[PDB]
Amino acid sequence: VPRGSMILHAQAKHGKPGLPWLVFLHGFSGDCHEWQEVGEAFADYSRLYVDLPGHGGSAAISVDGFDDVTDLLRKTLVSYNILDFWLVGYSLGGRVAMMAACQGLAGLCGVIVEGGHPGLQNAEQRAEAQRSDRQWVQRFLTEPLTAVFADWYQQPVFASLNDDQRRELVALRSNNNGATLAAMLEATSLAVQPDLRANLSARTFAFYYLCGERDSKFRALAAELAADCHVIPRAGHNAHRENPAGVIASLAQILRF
């Protein structure tokens, strides 16, 4: 899609008429293929595998903040004539999902967030994040990505990963435009995201949390939310990648009931 595209790039897959859409949102540096292994177990549903700004086919789409990502999401949904939908988001995508849900997306059935941060409490926690994210923006923007990603996957959230998993992920994410990656990282930084705890409780939509059992960080964060948390065994932050069958199982419990 071009630089100034009104809608995000996404891969649509049609399912049974009358079943809601499953709108899948990848994490930072991923693309629309992220949730395809898990989503394809739900092929009776219509699936929208979105490319977030700066990622995959949405690489040229530029955003200032979350309001812009939400608008784009809204326009993309209208574009595919999606009125009944679920937002299934991993990490950055989970954060995008929660942000869009709390701004208000008409037709939203529910949000399923996997390792998504509900938001930091004060502007001090935000400052610490702005400082750390300003450092990441600079590296993605100027350095070779095989180098930035090797350290990115060395971050505490990815501690649970083995060196073979980190190798495969570094290679996979390095197929990206650092400049557009960096812009999105800055646009939707934890530093600029509000505390969504009250908003995620005072919701009109259904809300479910998924978490790898090894992801102690997001397990504790989930515990603070008014949501059904589904702890995915033998899995880290990206639980759908490490354990796709377990995440399908959890999604089946959620969606097929």
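Note that residue numbering begins at 1 and tracks the sequence as displayed.
As the entry records it, the average C-alpha temperature factor is higher for 184-192, out of 184-192 and 51-59. The PDB entry records a higher mean C-alpha B factor for 61-69 than for its counterpart among 61-69 and 220-228. Ranking 92, 108, 98, 170 by Cα temperature factor from the entry places 170 first. Residue 156 sits in the highest third of its chain by CA B factor, as recorded in the PDB entry. Annotation for residue 85: CA B-factor lies in the lowest third of the chain's modelled residues. In the deposited entry, the Cα temperature factor of residue 166 sits in the top third of values across the chain's modelled residues. Among all modelled residues in this chain, the alpha-carbon of residue 104 has a temperature factor (C-alpha) in the middle third. Ranked against the other modelled residues of its chain, the C-alpha B-factor of residue 131 as given in the entry falls in the highest third.
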